[PDB]
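Residue-level listing of the chains:
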Amino acid sequence: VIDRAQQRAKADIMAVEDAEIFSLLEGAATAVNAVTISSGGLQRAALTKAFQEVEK
Amino acid sequence: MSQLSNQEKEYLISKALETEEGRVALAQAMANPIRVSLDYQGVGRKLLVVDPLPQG
Amino acid sequence: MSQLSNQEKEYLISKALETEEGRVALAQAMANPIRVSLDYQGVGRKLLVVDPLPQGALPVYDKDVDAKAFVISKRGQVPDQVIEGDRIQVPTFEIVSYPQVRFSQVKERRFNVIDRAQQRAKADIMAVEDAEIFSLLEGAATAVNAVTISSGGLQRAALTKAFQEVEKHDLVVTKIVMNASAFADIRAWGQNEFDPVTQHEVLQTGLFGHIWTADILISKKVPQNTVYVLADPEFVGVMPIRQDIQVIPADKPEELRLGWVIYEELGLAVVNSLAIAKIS
Amino acid sequence: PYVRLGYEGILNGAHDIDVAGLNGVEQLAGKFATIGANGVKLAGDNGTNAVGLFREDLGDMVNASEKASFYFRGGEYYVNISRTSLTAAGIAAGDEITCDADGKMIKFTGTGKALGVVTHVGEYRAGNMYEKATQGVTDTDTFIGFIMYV
Amino acid sequence: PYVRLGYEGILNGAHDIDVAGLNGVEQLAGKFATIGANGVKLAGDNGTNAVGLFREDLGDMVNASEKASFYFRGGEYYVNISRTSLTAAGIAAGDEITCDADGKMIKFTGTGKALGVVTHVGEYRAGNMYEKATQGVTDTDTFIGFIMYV
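Conventions we followed
- Residues numbered from 1 in each chain as written, not as in the entry; some residues may be left out.
- Chains lettered and ligands numbered in written order.
- Part of a larger assembly, values for the part shown.
- Heavy atoms only, no water.
- Residues with missing side-chain atoms left out of burial classes, pairs and counts.
- Pairing = 2+ DSSP bridges.
- Helix = DSSP H or I, 4+ residues; strand = E, 2+ residues; numbered from the N terminus.
- Buried < 20%, exposed > 50% of the residue type's maximum accessible area, 1.4 Å probe, protein only.
- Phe/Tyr/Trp six-rings, centres within 6.5 Å; stacked < 30°, edge-to-face > 60°.
- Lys NZ or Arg CZ within 6 Å of the ring centre and 35° of its normal.
- 1 Å grid on protein atoms, 1.4 Å probe; cavity = no way out; pocket = protein on both sides within 12 Å on 5 of 7 lines; lining within 4 Å.
- Points joined across faces, edges and corners; volume = space filled by probe spheres on them.
- Nonpolar A, V, L, I, M, F, W, Y, C, P; charged D, E, K, R; others polar.
- Contact = heavy atoms within 4.5 Å.
- Buried area = accessible area lost by both parts, 1.4 Å probe.
- Salt bridge = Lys/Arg side-chain N within 4 Å of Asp/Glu carboxyl O.
- Polar contact = N/O pair within 3.5 Å; in protein donor to acceptor, adjacent residues only side chain to side chain.

Per the deposited record, the coordinates in this entry were obtained by cryo-EM to a resolution of 6.1 Å.

See the structure below:
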């Protein structure tokens, strides 16, 4: 179950399997990225790009 | 062994022989209970995935 | 009454007798009361352990041939050890000093309890040294987080690693010098910015405990949940013994303080223990 | 070599597996040597060593032969290049190691011949010199350990 | 001197002092052993194993390394001549002993790193080298034997 979970989250699909979290997703615009430290702010910032996609 | 032998000068130990005690094992976190699980009875599952959508 | 000099016949002998004339004892410098204890009889312990696994194995179809996975193990044997010390004292010196008798026994006893823990958990593997735990445990590194950052900063960073294992931490096992500096929070303000800012030390950071032990290597910190992860089997408990009747007392009147234990250490699941090495 | 620390005290002190440079014939596909358990963080001689023949694990790890008795597999076509140092307990490569030989010298202890069984401890031992046999050319009998040729 | 009759950790077989002095063709100044009394065919076999350092006490007795306060028993380059007898059966250090200031081989390392002392056992077990009397020598021996000379 551990080995499955490891493979399933990261990286692009194989030819024996479909749906992997990493494949399914999109990037994020240059705005989310900062040049001033504030770990909380980056993650916060990311949520708003995600909202346009309609993620609850 | 596993570290310097201090007194054991038998390397056989009767074709292996060990007493009732904990055996070390791995536990890892997973990205599997993060994603929702539900059961299905059928021979295959069909999904729709969104292709490019023209807002034109 | 009044002396006039630093020179005294009075110095040689006791001029007052009390059970207190000064002394020390430490509780936090030993990893053995922290862990759970159970007796065992046998000259050794036999464990089977898991070998390296690369990990991974993705799901494949039912019109394609099924995937497999395997586990590999090596078997290990742990022999028992004896830790012991003797300290040799002259009766005249002992009787006159008074609390010296108590102090020498308590110190030699403490010293044996430190040396058992030191070998089993850490040390290196040599021709007169063991090392069980240190070898087995899985890697973790502070350096990935940052290379050169405060003593406070390391201890905070370190807590997080344990979560991964599915411990969700318990407590952090650190070296005494290291623990002192982290608590102090030195970075060249020596103000708190990784420990609570209204205190000059703390005994919970992240809401988790700190155990400070001197039986562990210098500039090494270990997160683990001590009670599940290791267990201490006792063939013989630690005990002081005293003998005034052996070869060297016969030749010249001498008193021996004997301090010893016979130990073994059990590892119930030691690949949950993480070792991290401090940079700063 | 180390049958002189051996004779039933095997896997104590430095032991190599080699007394002479290995024969030709590369093995293809690189892989690591480790004799540890979830990493080698063993430093210094004595303790578990990677002397003995080897077995492939996940085909990504090679380690010492530490299986069960019965259905034992004799000779093998290579031994690992020595990385025996005091920064290690025997051979254990922290890079990928590539092996070679037509088979080479190995270490055998016990009251057998050159072939024993495994009790899940490094190398082979076992009695019965008439239910076991030499590996390599000419008859050699075991009395204190010797380097037996595959 | 006999080297390689020792056991694991820093130790050397027993040393017979035939080199740099030998009593049996000369007689000098005897004095008592305040270690040892065990051993047959001349005791001394658990008074000393390979000749430490011998230091006079009160009156004329010499003895081995012992103590770490109130007159360090041991030290100086005045060593006990063990003569020719039997190796680990005729070591003299439990009898009345003749010493000189010259002699080989002189062992001074106990089991594991640190300038050794002598306990009730003739053999050496491990002190310190900066909280115990030093003679100008530090042990640079690694684990498993190898010669030491004062």
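Explain the sheet that holds strand β3 (residues 61–64) of chain D residue by residue, including any values.
Residues and elements named next belong to chain D. Strand order across the open sheet formed by three strands is β1-β3-β2, with mixed pairing between neighbours. Across the chains shown, the open sheet's two edge strands, defined by having one partner strand only, are β1 (32–33) and β2 (54–56). Note: β2 against β3, three bridges, orientation antiparallel. Bridged to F54 within β3 is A64.

Please provide a residue-by-residue account of the environment of C:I218, values included.
Residues and elements named next belong to chain C. As for its position among the elements, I218 is in the loop between β8 (208–213) and β9 (220–224). According to the relative accessible area criterion, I218 is partly exposed, its value standing at 45%. Along the chain, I218 and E255 lie 37 residues apart, while their C-alpha atoms are 35 Å from each other.

So what about the packing of aromatic side chains? Which residues, and what values?
Given two aromatic rings, their pairing is described by the distance between the two centres and the angle made by the two planes. Using the criterion set out here, one finds four aromatic pairs over all chains in the structure. For the ring pair D:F70 and D:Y71, a centre distance of 4.7 Å and an interplane angle of 40 degrees mean the geometry is tilted. For D:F70, a relative accessible area of 65% corresponds to the exposed category. Aromatic side chains D:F143 and D:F146 sit 6.4 Å apart centroid to centroid with 70 degrees between the ring planes, which places their arrangement in the edge-to-face category. Cation over ring: B:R45 sits above B:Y40, and NZ or CZ is 5.0 Å from the ring centre. Across from the ring centre of E:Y149, 5.1 Å away, lies the NZ or CZ of E:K104, which sits over that ring.

How would you explain the pairing of strand β11 (residues 255–263) of chain C if you had to name every residue and give the values?
Remember that side chains alternate between the two faces of the sheet whenever the strand is regular. All names here are of chain C. Across the nine residues that make up β11, a large majority, seven, are buried. Here strand β4 (residues 81–89) pairs with β11 via nine bridges, running antiparallel. Looking across to β11, one finds that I88 is bridged to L256. Here strand β10 (residues 230–243) pairs with β11 via seven bridges, running antiparallel. From the neighbouring strand, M239 faces β11, where its bridge partner is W260.

Break down empty space enclosed by the protein for me, with residues and values.
All names here are of chain C. Roughly 150 Å³ of volume is contained in the largest cavity. Looking at the largest cavity, it is lined by 17 residues, and the ones nearest its centre are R35, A121, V173, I216 and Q224. Listed by contribution, the elements that provide at least two residues to the lining of the largest cavity are α2 (100–121), α3 (133–136) and β9. Broken down by class, the residue content of the lining of the largest cavity amounts to twelve nonpolar, two polar and three charged.

Tell me about the arrangement of the chains, and please be specific about residues and values.
Counting contacts across all eight pairs of chains found in contact, the highest total belongs to chains B and C. Across the gap from chain A to chain D, with no contact made, the nearest C-alpha atoms are 14 Å apart. No part of chain A reaches chain E; the closest C-alpha pair between them is 43 Å apart.

With reference to specific residues and values, describe the environment of C:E132.
All names here are of chain C. Positionally, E132 belongs in the loop between α2 and α3. Judged by its relative accessible area of 3%, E132 is buried. With 134 residues separating them along the chain, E132 and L266 place their C-alpha atoms 9.2 Å apart.

I'd love a proper account of unusual backbone geometry, names of residues and values included.
At the junction of E:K104 and E:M105, the peptide bond is cis and its omega measures out at 0 degrees in the coordinates. One can find E:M105 in the loop between β5 (96–100) and β6 (116–118). Of note, the phi angle at C:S219 is positive, near 75 degrees, even though the residue is not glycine. When you line up the elements, C:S219 lands in the loop between β8 and β9. Of note in the backbone geometry, E:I144 takes a positive phi value of approximately 70 degrees without being a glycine. Looking at where E:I144 falls in the secondary structure, it is placed in the segment after β7 (124–126).

Provide a residue-level description of the interface of chain B and chain C, including the pertinent values.
Taken together, the contact between chain B and chain C spans 23 residues of the former and 36 residues of the latter. In terms of surface lost to chain C, no three residues of chain B exceed B:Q3, B:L4 and B:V24, which account for 25% of the buried area on that side. Counting the contacts that link chain B with chain C gives two salt bridges. Among the salt bridges present, the one from C:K46 reaches B:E8, with a minimum N-O distance of 3.3 Å. For the interface between chain B and chain C, the tally reads ten residue pairs in polar contact. Here the residues of the side of chain B that touches chain C sort into eleven nonpolar, eight polar and four charged.

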